[PDB]
Amino acid sequence: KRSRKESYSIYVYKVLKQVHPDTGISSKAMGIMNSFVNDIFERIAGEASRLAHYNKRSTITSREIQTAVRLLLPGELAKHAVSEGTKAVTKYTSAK
Amino acid sequence: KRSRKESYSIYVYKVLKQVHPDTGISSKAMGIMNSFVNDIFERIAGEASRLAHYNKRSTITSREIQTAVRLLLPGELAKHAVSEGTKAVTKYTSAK
Amino acid sequence: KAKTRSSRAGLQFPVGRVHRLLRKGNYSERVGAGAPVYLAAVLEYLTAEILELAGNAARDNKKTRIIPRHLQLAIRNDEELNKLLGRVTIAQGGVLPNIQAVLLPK
Amino acid sequence: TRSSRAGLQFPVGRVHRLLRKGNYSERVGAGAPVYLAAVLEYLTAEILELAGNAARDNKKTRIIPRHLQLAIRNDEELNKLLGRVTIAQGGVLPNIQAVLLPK
Amino acid sequence: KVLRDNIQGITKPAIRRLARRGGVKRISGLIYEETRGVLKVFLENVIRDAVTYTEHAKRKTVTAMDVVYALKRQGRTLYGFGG
Amino acid sequence: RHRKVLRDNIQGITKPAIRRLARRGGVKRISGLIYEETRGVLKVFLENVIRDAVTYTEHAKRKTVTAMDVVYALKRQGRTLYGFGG
Amino acid sequence: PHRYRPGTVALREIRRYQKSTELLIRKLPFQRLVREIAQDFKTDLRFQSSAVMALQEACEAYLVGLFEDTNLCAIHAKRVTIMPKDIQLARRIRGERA
Amino acid sequence: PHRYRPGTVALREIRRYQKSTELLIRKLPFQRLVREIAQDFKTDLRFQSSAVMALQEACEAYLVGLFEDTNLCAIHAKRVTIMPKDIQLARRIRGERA
DNA sequence: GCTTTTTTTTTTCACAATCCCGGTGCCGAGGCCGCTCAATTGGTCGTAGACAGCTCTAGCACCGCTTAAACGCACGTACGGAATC
Ligand SMILES: [Ca+2]
Ligand SMILES: [Ca+2]
Ligand SMILES: [Cl-]
Ligand SMILES: [Cl-]
Ligand SMILES: [K+]
């Protein structure tokens, strides 16, 4: 078999069908969506790495994630992102 | 007491007395030289970090540094920069 | 037994996969157990937000599946997304219909 | 000492520690921080040699931010490396667009 | 008057002096407000990030580093304050 | 190895094609002197982008420039490109 | 004999190409040009086809957008014909060029 | 009654300021701006002295740089006097405002 | 204030270009399958960092002098830009 090449494509479909059920996605489109998630992974994870480093901290926490999102995302985009991480962590925490 | 914050200054001074043994330097000037060294150290290490990362390698070696330097410094400066990093390693290897 | 972290967080995006990539990505020595949840959260939000707008431009173009152009129109016509993807180039994307005023006929 | 072994003033020890710690890679070769010290040392020297000239050309013994700015902005290659960098108290290169000068 | 729009504290004389150091000769009147606009957006952007740093570090005192780190993010890397 | 040395392919970037790119940029009227000037610019873009890709190749010891080589090179020039991996 | 007024077809072309996304340089001429330039830096190199396509996507985009900047620069000096000096200003303010 | 013609002090003032390195904005007014603007993001903030000077080096630097680019646009429109539309164009081309 | 043309506006068809549909056909989006290797479970151990307590740094407030800089106003020259060619 060809060597295993991971992607976010199954997650992208799963999200797409939540938003626009009647809607599909071309090979190339999905590849752009992939560049996008990797792009923003690198940026958020990078500014997290920094925040921790700056504060003489060995650990990226969800705190560092949040703050980096405040630095990296424009206005209303950042807010919804801050709420939706804050939801998800809370839900995860009570579920243990 | 009073913190204990490291800096490249004692070395900036040592190099200065190699290139100009009678000229001195202000604290604002030495602050720019310390800003300069830290800047490029982070530039070359980050580009090495990524090189290594793109080639599924765990070790930054002197080779990663030399590829990062071709990438970061402009032609004629990269040339001397390699020439000096090569020569320093050769000399270091030679000693023990 | 066996319930994925992503399910416990109400998430589609993989917390398992994310919490690895942080550790292996030379970002820091340690990783808190919320960090990869939070991050998967944000990547899912942002991903959803682009597919919400892409798909409208998909529909408005009278087609069922999203292609590069839909994404581009959706990114460039949306004020904030365009800022976030300001130094980013979308392949087979093209440009927004824009013709400067003074170039038009009298 | 290591720096002494490598022909260097810059500290091959210190540099090596900043790499392991500084979240660049899992492991660090024994070459890298030698090489990296050498390159930082090289670049340091070129600026100081050029800015130490700017001081003496202004009959002054101590190098100041202006001397660095002048050294750096007049050296096609150093300018490009530090093209998106601001030097506090550097000032700017005397230069007046031609069509503004009289006649 | 003389009241709490500190942006106006940025005098025409000082705006003139910048554009001098920037090789400008003849300065339209409308410009000193345009400049004032532009300066604020500049500070807003940098200071928002610098204080975002401050709040993360759990402090009430904005450090010179916080600014340095902000200016790097904005692509305006500054030498000689802790780089 | 079975013939590969290259010609003068910069004139391959025809006046028609430069005109079409200007058109996409919403340009209505184009001077005589644009087309040569454009090729200079284009060349200097490509020289810079390929030098860097070619580096990333030579490091991984390959003799084949990958799309990722070009991608990694483009992100380096602050020209991040979406839809060819990474 | 019917004849369209100078600008009326340019304006059509402008709308034709803004609507579309296909690449505007002839794919082989461009490919030959990639290969020619790459020799400077290393000989007997193979390119993935995706690497060459990734380069023509990144090129066309860079120029198409420079031509925007360049058009504003023409219009700024109350002109409609983009001229060499227009590009050069665009690039000098971008900082691509000393 | 000695009277220098328009623009002839300008040039003196250019030569003068380009030779020098000293902040051109008055330090206290600047500082009062930095606190005014800081409030809008957090109350009862204190600043290191050097934080404000880091902010003021950075500001003037940007402004000076923007004026160079502005001058260039104004000269590009066969003019000698900078105007807002020069600033706005140089910012449009810097990718600072859309 | 006219008489006589140019300038600008209007209306009438001719023609090209683009637009919108159904028909047709090919191929890649979508999805199912079977197997894998990476995410999960449940465990252990060590230390990173939260936390309370104390030190003293440097940020802030205030005040009272001495200017240097900002200010406002008079005046006119060189500039921007409209108009023509
Ligand atoms: Ca919906
Ligand atoms: Ca189907
Ligand atoms: Cl966490
Ligand atoms: Cl090594
Ligand atoms: K890192």
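Okay, here's what the table says:
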quantity: Geometric extent, Cα atoms of chain B - Rg, Dmax (angstrom); calculated: 16.2, 49
quantity: Label distances, nm, residue G:98 versus same residue in remaining copies, Cβ-directed 7 Å point; calculated: 3.7
quantity: Computed helical MRE - 222 nm, chain G, DSSP H runs ≥ 4 contributing -39500 (n - 2.57), nearest 500; calculated: -22500 deg cm²/dmol
quantity: Most fluctuating residue given options D:85, D:34, D:15, as computed from a GNM of chain D linking Cα atoms under 10 Å; calculated: D:85
quantity: C-alpha long axis of helix B:62-72 to longest principal axis of chain B, angle in °; calculated: 70
quantity: Linear extension gain, residue D:80 paired with residue D:56, 0.36 nm per residue minus alpha-carbon span; calculated: 6.2 nm
quantity: Rounded Å value of the spacing that divides the Cα centres of the stretch B:1-33 and the stretch G:34-52; calculated: 46
quantity: Shape call, chain F: gyration tensor on alpha carbons, a/c limit 1.5; calculated: oblate
quantity: Charge dipole magnitude, Cβ of K and R +1, D and E -1 - chain H, Cα centre, debye nearest 20; calculated: 460
quantity: Cα-based helix-to-principal-axis angle, D:32-56 vs chain D, degrees rounded to 10; calculated: 30
quantity: 5 angstrom amide H check on residue F:65, placed H, neighbours 5+ away; calculated: G:46, G:47, G:48
quantity: Using θ = phi - 60° and Karplus 6.51 cos²θ - 1.76 cosθ + 1.60, couplings along the stretch D:9-26 (whole Hz; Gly, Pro as x); calculated: 7, 5, x, 4, x, 3, 3, 4, 5, 4, 5, 3, 5, x, 6, 10, 7, 5
quantity: Estimated FRET transfer efficiency when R0 is 56 angstrom, pair residue B:91-residue A:91 (beta carbons, to 0.05); calculated: 0.40
quantity: Environment charge at residue F:31 (Cβ cut-off 14 Å; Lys +1, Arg +1, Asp -1, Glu -1); calculated: +3
quantity: Residue of D:52, D:22, D:83 that the Gaussian network model of chain D assigns the largest fluctuation, springs spanning Cα pairs under 10 Å; calculated: D:22
quantity: Shape call, chain H: gyration tensor on alpha carbons, a/c limit 1.5; calculated: oblate
quantity: Dipole moment magnitude, nearest 20 debye, chain F about Cα centre, only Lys, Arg, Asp, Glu C-beta charged; calculated: 340
quantity: Normalised contact order of chain A, rounded percent, pairs of Cα under 8 Å and 6 or more residues apart; calculated: 17
quantity: On Cα atoms only, tilt of B:27-54 relative to the major axis of chain B in degrees; calculated: 10
quantity: Restraint check, F:28/G:19; A:79/D:21; B:87/F:63; E:40/H:27; B:5/C:24, Cα-Cα greater than 23 Å; calculated: A:79/D:21; B:87/F:63; B:5/C:24
quantity: Cα-centred dipole magnitude for the protein assembly as shown, charges only on beta-carbon of K, R (+1) and D, E (-1), debye, nearest 20; calculated: 400
quantity: Rounded, prolate or oblate (a/c below 1.5 giving rounded, otherwise prolate when a/b exceeds b/c) for the protein assembly as shown by Cα gyration tensor; calculated: rounded
quantity: Ellipticity estimate at 222 nm from DSSP helix runs (n ≥ 4, -39,500 (n - 2.57)) divided over chain D, nearest 500; calculated: -16000 deg cm²/dmol
quantity: Label-to-label distance, nm, for residues given as residue A:10 and residue B:5 (7 Å Cα→Cβ offset); calculated: 5.0
quantity: Alpha carbon centroid spacing (whole Å) that separates the stretch D:1-50 from the stretch A:47-96; calculated: 34
quantity: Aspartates and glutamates whose Cα lies under 18 Å from that of residue D:59, excluding same-chain neighbours fewer than 8 positions away; calculated: B:22, D:49
quantity: Amide H within-cut-off set for residue C:66, under 5 Å, with H built and near neighbours excluded; calculated: A:24, A:25, A:26
quantity: Proximal charge balance of residue G:71 [Cβ under 9 Å; K/R count +1, D/E count -1]; calculated: -2
quantity: Inter-label distance, nm, simple model (7 Å from Cα along the C-beta direction), residue F:15/residue E:28; calculated: 3.7
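Values quoted throughout were computed directly from the atomic coordinates according to the rules given, and no laboratory measurement underlies them. Every residue, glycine as well, gets a Cβ built from its backbone with ideal geometry; the counts of neighbours run over all protein chains shown.
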